Participant: 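Sharing a structure with you now.
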There are 2 protein chains.
Amino acid sequence: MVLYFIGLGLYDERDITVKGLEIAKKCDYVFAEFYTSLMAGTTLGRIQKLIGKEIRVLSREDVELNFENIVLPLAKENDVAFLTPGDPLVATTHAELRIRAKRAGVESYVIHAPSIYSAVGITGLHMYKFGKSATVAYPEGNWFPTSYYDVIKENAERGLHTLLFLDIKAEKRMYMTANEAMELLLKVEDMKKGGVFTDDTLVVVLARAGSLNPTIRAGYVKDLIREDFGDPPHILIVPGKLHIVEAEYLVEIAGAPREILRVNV
Amino acid sequence: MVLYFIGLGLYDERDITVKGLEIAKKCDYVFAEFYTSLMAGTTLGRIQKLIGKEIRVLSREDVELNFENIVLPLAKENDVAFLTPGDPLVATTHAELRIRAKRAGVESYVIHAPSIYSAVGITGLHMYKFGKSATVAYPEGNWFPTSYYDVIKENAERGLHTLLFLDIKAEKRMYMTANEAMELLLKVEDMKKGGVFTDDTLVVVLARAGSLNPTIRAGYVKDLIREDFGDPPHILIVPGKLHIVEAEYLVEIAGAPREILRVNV
Ligand SMILES: Nc1ncnc2c1ncn2[C@@H]1O[C@H](CSCC[C@H](N)C(=O)O)[C@@H](O)[C@H]1O
């Protein structure tokens with residue numbers, strides 16, 4: 001009678017950890033959500049085949065409004081698993097589900113799996129230099145979110161990199177590209193004119209991390225805003241002042257302009 | 001003609017992803033390093049048996065001085081795997097290794113695995129609120145490094161959490177405890193007098209992340225500094241001002257005192 005929060009990783013169904021797979025295969029009931037992130041290298045079928053169980057997919061409303069009604073009840077008489085893309089507790093509101101489990105009298109365990117928060121390291125940027133993170137959300141109605149712009153500003157001032165998650169509307173199959181993210185930023189730039197993100201700002205694009213051949217590209221906004229980075233999911237990074245070694249990698253591995261090798265210290 | 005950087009994960013031999021394991025199996029040669037960090041919950045023996053191949057361990061010098069002599073030569077006519085604890089390239093050094101592969105005309109691919117950078121999410125603290133990170137190193141001789149203290153100040157000043165890696169002497173298999181780290185910080189505070197770390201500061205200790213039974217504890221330094229958090233590895237976190245839901249998780253899941261629901265929110 002326990003509940004397992006198990007991560008499925010970034011791209012493939014094989015991005016789950018061995019530990020996560022052994023445990024999932026022995027659970028009586030398996031649940032999952034696929035709205036917090038996009039797994040572009042697999043299908044629900046392959047995952048089901050991998051763990052050999054039928055997976056009941058839950059929507060954002062099932063989770064946020066009825067997790068303790070749909071999942072926890074069974075978790076008292078059986079071993080239940082809740083699967084999510086990437087790492088199970090990286091979504092802000094997921095950790096709260098453990099509280100719901102407790103109050104319901106159900107013990108829970110967490111099995112980690114690859115997550116962009118860690119996988120960004122493939123960009124070559126020093127992990128310790130990453131500051132506060134943010135998400136670039138789609139504008140809707142008269143509502144135009146801009147908080148993410150200030151996050152970049154605050155970090156850059158301290159010479160820290162900014163990890164930017166791009167928005168996703170799973171039920172509408174809408175996944176923001178790095179290009180769409182850049183456009184929104186150029187706009188907020190005109191709006192706030194703080195000199196944070198312009199055609200000359202250097203950025204890094206990471207698309208489909210977790211796959212064997214992710215797209216890692218670095219360069220100035222003017223030259224990348226129009227570039228094709230392949231299928232989603234996309235993540236966008238606005239680096240702060242670079243260390244020479246970071247620049248070297250970005251140039252040799254992400255095809256960035258040779259000029260960034262000249263750090264203006 | 002290919003080199004695979006495969007992450008082994010957090011604690012034991014099952015923390016590697018299924019993808020990582022399968023690829024390691026189909027590789028002709030398998031190397032590994034355990035100088036950047038260790039896998040406290042397993043042994044080279046268990047790992048070797050899981051992969052079903054002999055694993056040649058390389059030292060820091062083997063890698064830093066002769067990686068292109070030991071590893072790359074074989075990767076030109078074979079599929080080679082280089083296993084590392086955690087997630088590859090999160091070590092500030094491994095990134096350049098990809099450049100070396102390129103210089104030697106060897107293509108490289110990265111297979112991710114959970115790292116503390118993402119795993120800290122199990123503390124219930126919002127991932128986006130983590131700022132700059134630091135490592136707490138031991139003072140020795142007439143050298144007393146204290147920059148990690150400064151990092152905390154700057155993060156908390158902006159309401160951000162500080163992830164703190166504790167010193168490790170991999171080859172001597174010695175780990176700094178959270179208790180030791182707390183003691184060092186108080187000593188530093190006693191010199192800097194910045195109000196950054198005191199008996200009343202709220203901290204979070206995460207021990208044996210990746211295990212099914214990790215130790216997650218939150219509370220004031222005065223009460224945690226002599227508490228036994230179990231066997232290493234230990235991770236210390238100094239949270240900034242908390243959102244109510246973060247506080248509730250620390251109380252419900254990490255046993256923090258109710259006092260935090262009014263003092264640190
Ligand atoms: N392989 C990948 N490449 C680029 N972005 C990714 C990604 N996997 C997830 N993301 C980003 O993460 C966002 C969801 S935020 C939750 C993150 C998730 N648990 C993780 O570990 O990554 C997505 O909208 C997407 O922009």
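Whatever order the structure lists them in is the order used to number ligands and atoms, beginning at 1. Lettering follows sequence order; numbering is per chain, from 1.
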Participant: Does a side-chain heavy-atom distance below 4.5 Å link B:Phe82 with B:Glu33?
Facilitator: yes

Participant: Would you mind checking which non-hydrogen protein atom is closest to atom 1 (N) of ligand 1, with the distance to 0.1 Å?
Facilitator: A:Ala209 O, 2.6 Å

Participant: Do me a favour and list the nearest non-hydrogen protein atom to atom 5 (N) of ligand 1 with residue, atom name and distance?
Facilitator: A:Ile235 CD1, 3.2 Å

Participant: So which bit of A:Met176 gets within less than 4.0 Å of ligand 1, heavy atoms only: side chain, backbone, both or neither?
Facilitator: neither

Participant: Checking contacts here: is it the side chain or the backbone of A:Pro214 that comes within 4.0 Å of ligand 1, counting heavy atoms only? Could be both or neither.
Facilitator: neither

Participant: Could you check whether B:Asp12 pairs with A:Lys19 (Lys NZ or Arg NE/NH1/NH2 to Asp/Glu carboxylate O, under 4.0 Å)?
Facilitator: yes

Participant: Can you tell whether the side chains of B:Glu154 and B:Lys132 come within less than 4.0 Å, N to carboxylate O?
Facilitator: no

Participant: To the nearest 0.1 Å, how far is atom 20 (C) of ligand 1 from its closest protein heavy atom, and which atom is that?
Facilitator: A:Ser115 OG, 3.4 Å

Participant: Check this for me - ligand 1, A:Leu166, N or O atoms closer than 3.5 angstrom, yes or no?
Facilitator: yes

Participant: What heavy-atom pair brings A:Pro139 and A:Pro145 nearest, and what distance separates the two atoms?
Facilitator: CA-CD, 4.0 Å

Participant: With atoms numbered from 1 as shown, which atoms in ligand 1 lie under 4.0 angstrom from a non-hydrogen atom of A:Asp87?
Facilitator: 19 (N), 21 (O)

Participant: Can you list the ligand 1 atoms lying under 4.0 Å from a non-hydrogen atom of A:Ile168?
Facilitator: 24 (O)

Participant: Taking only heavy atoms of A:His234 into account, list the atoms of ligand 1 that are under 4.0 Å away from them.
Facilitator: 4 (C), 5 (N), 26 (O)

Participant: With a 4.0 Å cut-off, would you call A:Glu68 and A:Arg103 a salt bridge?
Facilitator: no

Participant: Considering only NZ, NE, NH1 and NH2 on the basic side and carboxylate oxygens on the acidic side, decide whether B:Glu96 and B:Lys102 come within less than 4.0 Å.
Facilitator: no

Participant: If the cut-off is 4.0 Å to any non-hydrogen atom of A:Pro85, which atoms of ligand 1 fall inside it?
Facilitator: 19 (N)

Participant: Looking at every heavy atom in both A:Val120 and A:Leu163, which two are closest together, and how far apart are they?
Facilitator: CG1-CD1, 3.5 Å

Participant: Under 4.0 Å between a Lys/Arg side-chain N and an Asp/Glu carboxylate O for A:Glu246 and A:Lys129?
Facilitator: yes

Participant: Atom 22 (O) of ligand 1: which protein heavy atom is closest, and how many Å away?
Facilitator: A:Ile116 N, 3.2 Å

Participant: For atom 15 (S) of ligand 1, which of the options A:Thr215, A:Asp167, A:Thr36 provides the nearest non-hydrogen atom?
Facilitator: A:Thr36

Participant: Would you say the ring centers of A:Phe130 and B:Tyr117 fall short of 6.0 Å from each other?
Facilitator: no

Participant: Within the 4.5 Å heavy-atom criterion, are A:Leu186 and A:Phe197 side-chain neighbours or not?
Facilitator: yes

Participant: Using a 4.0 Å heavy-atom cut-off, say whether A:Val90 meets ligand 1 through its side chain, its backbone, both or neither.
Facilitator: side chain

Participant: Would you mind running through ligand 1 and noting each atom that sits below 4.0 Å from a heavy atom of A:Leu206?
Facilitator: 4 (C)

Participant: Any salt bridge linking A:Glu22 with B:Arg14? Criterion: basic side-chain nitrogen under 4.0 Å from a carboxylate oxygen.
Facilitator: no

Participant: Please determine whether any non-hydrogen atom of A:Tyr11 lies less than 4.0 Å from an atom of ligand 1.
Facilitator: no

Participant: Quick one: look up the protein heavy atom nearest atom 9 (C) of ligand 1 and list residue, atom name and how far away it is.
Facilitator: A:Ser37 OG, 2.9 Å

Participant: Could you find the nearest protein heavy atom to atom 13 (C) of ligand 1 and give me its residue, atom name and distance?
Facilitator: A:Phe165 CD2, 3.6 Å

Participant: I need the nearest protein heavy-atom contact for atom 7 (C) of ligand 1: residue, atom name and distance, please.
Facilitator: A:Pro233 CG, 3.5 Å

